[PDB]
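Trainee: Structure in structure tokens, see below.
Number of protein chains: 2
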Amino acid sequence: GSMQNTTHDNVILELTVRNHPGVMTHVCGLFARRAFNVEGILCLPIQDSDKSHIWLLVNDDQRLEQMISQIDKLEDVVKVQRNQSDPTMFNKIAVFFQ
Amino acid sequence: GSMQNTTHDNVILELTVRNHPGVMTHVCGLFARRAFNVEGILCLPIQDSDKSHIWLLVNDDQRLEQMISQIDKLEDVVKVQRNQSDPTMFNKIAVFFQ
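Line order of the protein sequences matches chains B and D. Using our numbering, the letters of the first sequence map in sequence onto residues 1 to 98. Using our numbering, the letters of the second sequence map in sequence onto residues 99 to 196.
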């Protein structure tokens, strides 16, 4: 929660959304109104269909998971998973493409 | 309009924003109301300060650059550049971290 230089102070919040008009605005809106902004975003375009899997690097909060539960109910979110992991994962999946 | 047999259908729109409350929502809002959504997003956290440099992979449009000119006027956007390049650049800077 207190981003000093703590690498794993962030959390890897993945959600596979399909591209409905302004679905990127949904995730950005939740973390905006939360408390603190997103550190890093990885919207990896799923080439198979009209989809993209986004990893949100954001520091954990008291409201955080309640707001994940809210954004999860949006029908653009095809999938949503909460992973307590490092921003090195962000690099790994960006370079591997999966 | 949707990379069917090309890789260069998109455009690499970089903007170095500093983390004011809900600045990620600004870029997502512009491409939402534009016509077609963002293909791929790379919000690379600038570790030096409270900033992040985002590359927006989106296909070029008639309104596109007019809307870049709009979002550029927002004071969170510290820097903005329009580059007609490939999504391989997205990978390159994600893995190199710059």
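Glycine included, each C-beta is placed from N, C-alpha and C at the ideal position.
#1: Taking three-plus beta-carbon pairs below 8 Å as touching, is the segment 80-91 of chain B in contact with the segment 121-131 of chain D?
#2: I need the straight-line Cα distance from residue 149 of chain D to residue 99 of chain D, nearest angstrom please.
#3: Could you check what DSSP says for residue 127 of chain D in three-state terms: helix, strand or coil?
#4: For the 8 Å Cβ check, are there 3 or more pairs between the segment 103-119 of chain D and the segment 71-86 of chain B?
#5: Assuming residue 75 of chain D contacts residue 194 of chain D under a Cβ cut-off of 8 Å, what Cβ separation, rounded to an integer in Å, is found between them?
#6: Do you know offhand how far residue 57 of chain B's Cα is from residue 5 of chain B's?
#7: In terms of residues, what are the limits of the alpha helix (DSSP H) holding residue 69 of chain B?
#8: If we ignore side chains and look at the alpha-carbon of each, how far apart do residue 98 of chain B and residue 44 of chain B end up?
#9: Does any CB atom of chain D fall closer than 8 Å to the CB of residue 24 of chain B?
#10: With distances taken Cα to Cα, identify the nearest neighbour of residue 119 of chain D among B:10, B:22, B:8, B:39.
#11: List the residues that DSSP assigns as beta-bridge partners of residue 180 of chain D.
#12: Return yes when the Cβ of residue 101 of chain D is within less than 8 Å of the Cβ of residue 41 of chain B, no when it is not.
#13: Nearest to residue 151 of chain D by alpha carbon, out of D:192, D:160, D:161?
#14: Can you give me the C-alpha to C-alpha distance between residue 108 of chain D and residue 80 of chain B, rounded to a whole angstrom?
#15: Using alpha carbons as the reference points, say which of B:49, B:7, B:82 lies closest to residue 64 of chain B.
#16: Compute the distance between the beta-carbons of residue 34 of chain B and residue 72 of chain B, then report whether it is under 8 Å.
Mentor: Well, looking at it:
#1: No: fewer than three Cβ pairs fall under 8 Å.
#2: As a working note, residue 149 of chain D is residue 51 in the second sequence. As a working note, residue 99 of chain D is residue 1 in the second sequence. Residue 149 of chain D and residue 99 of chain D have their C-alpha atoms roughly 31 Å apart.
#3: Counted from its first residue, the second sequence places residue 127 of chain D at position 29. The answer is helix: DSSP assigns residue 127 of chain D an H, G or I state.
#4: Contact between the segment 103-119 of chain D and the segment 71-86 of chain B is absent, with fewer than three C-beta pairs closer than 8 Å.
#5: The question about residue 75 of chain D has no answer, for chain D in this structure spans 99 to 196.
#6: Position 57 of the first sequence holds residue 57 of chain B. Position 5 of the first sequence holds residue 5 of chain B. Distance between the alpha carbons of residue 57 of chain B and residue 5 of chain B: 14 Å.
#7: Position 69 of the first sequence, counted from the first residue, corresponds to residue 69 of chain B. From DSSP, the alpha helix (DSSP H) with residue 69 of chain B extends over 64-71.
#8: For the purposes of this step, residue 98 of chain B is taken as residue 98 along the first sequence, with counting starting at 1. For the purposes of this step, residue 44 of chain B is taken as residue 44 along the first sequence, with counting starting at 1. Taking C-alpha positions only, residue 98 of chain B is separated from residue 44 of chain B by approximately 8 Å.
#9: As a working note, residue 24 of chain B is residue 24 in the first sequence. Chain D has a Cβ within less than 8 Å of the Cβ of residue 24 of chain B.
#10: In the second sequence, residue 119 of chain D corresponds to position 21, counting from 1. For residue 119 of chain D, the nearest C-alpha among the options comes from B:39.
#11: As a working mapping, residue 180 of chain D is identified with position 82 in the second sequence. DSSP output for residue 180 of chain D lists D:111 as bridge partner(s).
#12: In the first sequence, residue 41 of chain B corresponds to position 41, counting from 1. In the second sequence, residue 101 of chain D corresponds to position 3, counting from 1. No, the pair does not count as a contact, with Cβ atoms beyond the cut-off.
#13: Numbered from its first residue, the second sequence carries residue 151 of chain D at position 53. Selected option, being the one with the closest Cα: D:192.
#14: On the second sequence, position 10 is the one that residue 108 of chain D refers to. On the first sequence, position 80 is the one that residue 80 of chain B refers to. So the alpha carbons of these two residues sit roughly 27 Å apart.
#15: Along the first sequence, one-based indexing puts residue 64 of chain B at 64. The residue with the shortest Cα to Cα distance from residue 64 of chain B is B:82.
#16: Here the question's residue 34 of chain B lines up with position 34 in the first sequence. Here the question's residue 72 of chain B lines up with position 72 in the first sequence. Going by C-beta atoms, residue 34 of chain B is not nearer than 8 Å to residue 72 of chain B.
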